[PDB]
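Structure record follows, encoded as C-alpha cells.
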2 protein chains.
Amino acid sequence: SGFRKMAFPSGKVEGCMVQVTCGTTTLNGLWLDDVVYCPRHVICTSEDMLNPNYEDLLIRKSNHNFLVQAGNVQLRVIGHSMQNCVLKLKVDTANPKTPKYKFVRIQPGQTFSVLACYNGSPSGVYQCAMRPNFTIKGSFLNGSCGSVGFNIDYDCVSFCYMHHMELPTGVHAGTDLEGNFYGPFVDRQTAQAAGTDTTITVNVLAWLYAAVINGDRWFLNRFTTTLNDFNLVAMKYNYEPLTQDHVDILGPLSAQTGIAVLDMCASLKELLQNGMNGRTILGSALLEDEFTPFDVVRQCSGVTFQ
Amino acid sequence: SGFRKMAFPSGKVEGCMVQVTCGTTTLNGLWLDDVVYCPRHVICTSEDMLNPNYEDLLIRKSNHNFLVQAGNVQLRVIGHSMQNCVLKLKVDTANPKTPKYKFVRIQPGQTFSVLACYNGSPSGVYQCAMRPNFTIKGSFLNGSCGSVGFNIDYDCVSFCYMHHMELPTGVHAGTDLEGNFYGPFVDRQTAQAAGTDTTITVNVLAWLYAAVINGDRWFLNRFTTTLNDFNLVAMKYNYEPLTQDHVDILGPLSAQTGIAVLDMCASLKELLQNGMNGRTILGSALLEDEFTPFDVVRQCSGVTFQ
Ligand SMILES: Cc1cc([C@@H](C)Nc2ccccc2C(=O)O)c2nc(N3CCOCC3)cc(=O)n2c1
Ligand SMILES: Cc1cc([C@@H](C)Nc2ccccc2C(=O)O)c2nc(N3CCOCC3)cc(=O)n2c1
Ligand SMILES: [Ca+2]
Ligand SMILES: [Ca+2]
Ligand SMILES: [Cl-]
Ligand SMILES: [Cl-]
Ligand SMILES: [Cl-]
Ligand SMILES: [Cl-]
C-alpha cells in the first residue's frame, strides 16, 4: 500500500547520456545507436541567444567542432544535421548500451520521468507531467539542457522530451526528440510566457481513486452529478473539461473500486467548492493532477520493467 | 530553477536486483560481489509469519533450496547464513555489475531513494525519509520485500534500507543491510504500531531555504526568535526540537541566502501558528520535511554521479 510520486527506473537512460561541447557551450546529449541528439542551441554563445540565426551559425561548424564524450571515452563525429530544434550528430560507434526505444510526442496531461543531467552525468530522476499549456514544472539548472524525459513499457524506452529552456516564470519548455517544441515556445531568449495553467481533471480523479484504494475516503459523499453540471464547476476553477473519453479511461478504476465515475466527480466538485478544511489526501493538502489513470493502475498493481 | 522530490539515478542498483525463491515465497534480493542479501522471512509460509522460529525453520533448508535468478540467469548457491533479520546467500559468481558500495545505518530524518522491485525486476524509484519513529512512508505491494533504499555519493552506493514489513497503519518498516530493523519492529505479523510521527524540523527549515532561493518568499516576516522560544512552538506542533547542531548544518544555506537561521525559525513559527491561509510553497500546501539540508544544496547546485 501507499502512493508515491514514482519515476521509472533510469538505468536504461543513464547508459545513453553523453556530454556535447561546441566551443564554449557544454550540455547533454542522448546517444542511441550511432546518433547523438542534443539541443541545437549548443552552437550558440550567450551573445547569440537573443536573435540567433541557427542556419547561419551552423555553416561555420564542422564535424570536428562537436566534442562528444561518453563518460571518459571520446566519440568520433562523422556527420551532423539539424532537424527542427535538435542537432543530430552521427558517430562512428553504436552505443552498446542502447536500449530498445521509440520517439513519441506526448499529449498534454500525460506524465513522464525526467533524468536530470549535467556534463553528461546523471544527477537525479523525478516524475513530470506535460501541462495543458505545454510547459513542465521541473528542476533544471544551467547545464541541464539536453536532459530527456521518457516512459518505460517493459523493455522499451519511449523518449518524449528534451529540455531546452527555462521561462522567466520559472517553468520549463522543450521539444520531442524530433526537435519540435511542445507548445508555442522557441529556442530564443525573447518575451515568451506560459498561458493559463489549467488542472488536469482526469488525473485528479484518478488520484482520488488511488486515495480510496488506500483508505483515504473522507472525501466520498452522498452526491452525484452530470458531465455538463460538473464541467460548469471545472471551468470556474480552471480545470480542464471532462469528456466521455476521460470517463471511459477511468472505467477500470471505477470497476475496481465500485465508485461510479460521476459519483467521484461529485466528490471532486465538493472539494473544489469547499476546500479540504485542513485535511489531507494521500499526504497532500492540494488536489494532485500529475498521476494519469495508467499511473494509478501501474503503481497499484506492481508492473515491472526489463 | 525549480525544486522537485528527486531520487538518485537507480541504474547502479538496478544491476544488483535479483529474485529469491524459497519453495513457496518469492521476493527480491540484492546481489553484491558473490553474496545475495534478502529478508529472512523468505523462508516462511504465510502460516509461519504469526510466530516464526526462524532458527528452526532454517534448519530444514539447504543451499539448493534457495533459487536465485538474475534476470534470466540462475545463480548457483554455495552457502547460506542468517545475520539478524537478513539471509545472506553465497553464490559462485561475483555480480559483474557490482558498483562501489557501502552499508550504512542512517539516522532518523535522513533521506534516501527506494528502488521498488517485484520478482527481481525494478518497477519505480522515489525518495523517502527515515521518520523520527523509524518508519518510512513508501509504496510497497506484496512481493516488494527485499527492495532496497540507498544514497549515491559520486561513484559509491551507500545501501541503508531493505524493506520487510507493512504495518497495519499503512506505513513501512525494514532493516539496514546487516539485518537490524530500524526502530522496535520485528519480522512477525503481531500487534506492532508506529509511535508519534514527529515532523523533521531541520528539514522543513532547509526546504524553506530552498523556497526562498526560487522566489517563493511570501512567508518571510519581520520577526526573529530564539532556540528555546521556537522549541516551545515546535513541541506544541509535534516538531522535533531544534538543536545548535541543526542550526550549524543550516549554516551554508543561511550564508547563501543571507537569512539568519533564527529569522527563518520565526517564519516557520508564524506558519505553524497561522497556517498558510490557502497559499502554497514550492507547489505544496503543507510544510515539507523530507528534504535534508544536503538535499537542498545538492539539487540547488547540480551535483552529479558516476
Ligand atoms: C556520414 C554523414 C551523414 C550525413 C547525413 C546525410 N546523415 C546524418 C547526419 C547526422 C545524423 C544522422 C545522420 C544519418 O544519416 O542517420 C551527414 N550530413 C551533413 N550535413 C551538413 C550539411 O547539411 C546537411 C547535413 C554533414 C556530414 O558530414 N554527414 C556525414
Ligand atoms: C562456502 C560456504 C560459506 C559459508 C559461510 C561460512 N560464509 C558465508 C555464508 C553466506 C554468505 C556469505 C558467506 C561468506 O563467507 O562471505 C557457509 N555457511 C553455511 N551456514 C549454515 C549453518 O549455519 C552457519 C551458516 C552453510 C554453507 O554451506 N556455507 C558455505
Ligand atoms: Ca530482446
Ligand atoms: Ca574506480
Ligand atoms: Cl532502467
Ligand atoms: Cl555506452
Ligand atoms: Cl545509477
Ligand atoms: Cl549482473
Out-of-range pairs (alpha-carbon distance over 21 Å; input B:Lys97/B:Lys137; B:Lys5/B:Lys100; B:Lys236/B:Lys269; A:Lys12/B:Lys12; A:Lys100/B:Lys100):
B:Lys97/B:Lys137; B:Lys5/B:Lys100; A:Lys100/B:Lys100
Determine the sum of side-chain charges near A:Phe219: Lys and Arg each +1, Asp and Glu each -1, restricted to other residues whose C-beta is under 14 angstrom from that of A:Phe219.
0
For chain A, set up a Gaussian network in which alpha carbons nearer than 10 Å are linked by springs, and say which option among A:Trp31, A:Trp218, A:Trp207 fluctuates the most.
A:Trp218
Please check which bits of the stretch A:159-185 a label hung off A:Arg105 would reach, taking the label as a point 7 Å along Cα-to-C-beta and the cut-off as backbone N under 11 Å.
A:176-183
Give the residue from A:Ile59, A:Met6, A:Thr21 lying farthest towards the positive end of the charge dipole for the stretch A:1-80; charges sit on Cβ (+1 for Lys and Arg, -1 for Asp and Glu) and the dipole is referred to the Cα centre.
A:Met6
Nearest-5 percent of antiparallel DSSP beta bridges in the stretch A:73-163?
85 percent
Mind checking the mean number of beta-carbon atoms from other chains within 10 Å of the Cβ atoms in A:89-99?
0
Pull out a ≥ b ≥ c, the square roots of the eigenvalues of the alpha-carbon gyration tensor of the stretch B:15-99, then state rounded if a/c is under 1.5, prolate if not and a/b is larger than b/c, and oblate in the remaining case.
prolate
About its Cα centre, what dipole magnitude does chain A give when the only charges are +1 on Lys and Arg Cβ and -1 on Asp and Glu Cβ, stated in debye to the nearest 20?
400 debye
Out of A:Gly71, A:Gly149, A:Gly120, any idea which swings most in a Gaussian network model of chain A, alpha carbons joined below 10 Å?
A:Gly71
Once the other residues with Cβ under 15 Å from the Cβ of A:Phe181 are scored (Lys, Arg +1; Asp, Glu -1), what is the net sum?
0
Using alpha-carbon positions, the gyration tensor of the stretch A:246-306 gives root eigenvalues a ≥ b ≥ c; with a/c under 1.5 called rounded, otherwise prolate if a/b exceeds b/c, else oblate, the class is oblate
Let me make sure I get this right: for the protein assembly as shown, a, b and c are the square roots of the gyration tensor eigenvalues over alpha carbons, sorted descending. Under 1.5 in a/c it's rounded, otherwise prolate if a/b > b/c, else oblate. Which is it?
rounded
With the crude spin-label approximation of a point 7 Å out along Cα→Cβ, what separation in nm comes out for B:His64 versus A:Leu57?
6.8 nm
Using a Förster distance of 25 Å, the FRET efficiency for B:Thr45-B:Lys97 (Cβ separation, nearest 0.05):
0.20
List the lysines whose Cα sits under 19 Å from the Cα of B:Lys61, skipping any in the same chain fewer than 8 residues away.
B:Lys88, B:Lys90
The stretch A:97-104 - phi-based ³J(HN,Hα) in whole Hz, Karplus 6.51/-1.76/1.60, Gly and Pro as x
8, 4, x, 4, 8, 9, 9, 9
When a footprinting reagent is the concern and you count Cβ atoms within 10 Å, what order do B:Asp216, B:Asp289 take, fewest first?
B:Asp216, B:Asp289
For A:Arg222, place a label point 7 Å from Cα along the Cα-to-Cβ direction in every copy; what are the distances to the other copies, in nm, shortest first?
5.0
FRET efficiency for A:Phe294 and B:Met276, Cβ-Cβ distance as r, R0 = 45 Å, nearest 0.05?
0.90
Taking a crude spin-label model, label points 7 Å out from Cα along the C-beta direction, the A:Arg188 to A:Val73 distance in nm is 4.1 nm
How large is log10 of I(q)/I(0) for chain B at q = 0.13 Å⁻¹ when the intensity is taken from the Debye formula with one equal scatterer per alpha-carbon?
-0.92
Work out the length of the dipole vector of the protein assembly as shown about its Cα centre, built from +1 on the beta-carbon of each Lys and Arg and -1 on the beta-carbon of each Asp and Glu, and round it to the nearest 20 debye.
400 debye
Along the positive direction of the dipole of chain A (beta-carbon charges: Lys, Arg +1; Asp, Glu -1; about the Cα centre), which of A:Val73, A:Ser144, A:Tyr37 reaches farthest?
A:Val73
Volume in Å³ per residue [convex hull over Cα atoms, computed for the stretch A:65-113]:
133 Å³
The stretch B:198-301: relative contact order from alpha carbon pairs under 8 Å, six or more residues apart, as a whole percent, is 48 percent
Rounded to the nearest 0.05, what FRET efficiency is calculated for B:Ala255 and B:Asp197 with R0 set to 22 Å and r the Cβ-Cβ distance?
0.10
Which one, B:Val157, B:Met130, A:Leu232, is farthest towards the positive end of the dipole of the protein assembly as shown when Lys and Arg carry +1 and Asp and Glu -1 on their Cβ?
B:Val157
Ignoring GluC sites (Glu not before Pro) that are buried or in helix or strand per DSSP, and keeping those with at most 15 other beta carbon atoms within 10 Å, what is the longest stretch of chain A between them?
A:48-177
If you project the alpha carbons of the stretch A:198-301 onto their three principal axes, what span does each projection cover, largest first, in Å?
34, 33, 27
Longest exposed-site-free window of chain B, the sites being trypsin sites (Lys or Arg not before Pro) in a DSSP loop that have at most 12 other C-beta atoms within 10 Å
B:77-221
Sorted largest first, the C-alpha extents of the stretch B:104-221 along its principal axes in whole angstrom are 50, 36, 23
HN-Hα J in Hz across the stretch B:10-25 - Karplus 6.51, -1.76, 1.60, θ = phi - 60°, x for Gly and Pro
9, x, 4, 7, 3, x, 10, 7, 9, 9, 10, 10, 10, x, 8, 10
When the Cα centres of the stretch B:244-261 and the stretch A:53-98 are compared, how far apart do they sit, in Å?
44 Å
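As a convention, Cβ positions derive from the backbone with ideal geometry for all residues, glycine included, and neighbour counts pool all protein chains shown. Readers should treat all values here as calculations from the given coordinates under stated rules, not as data from a laboratory.
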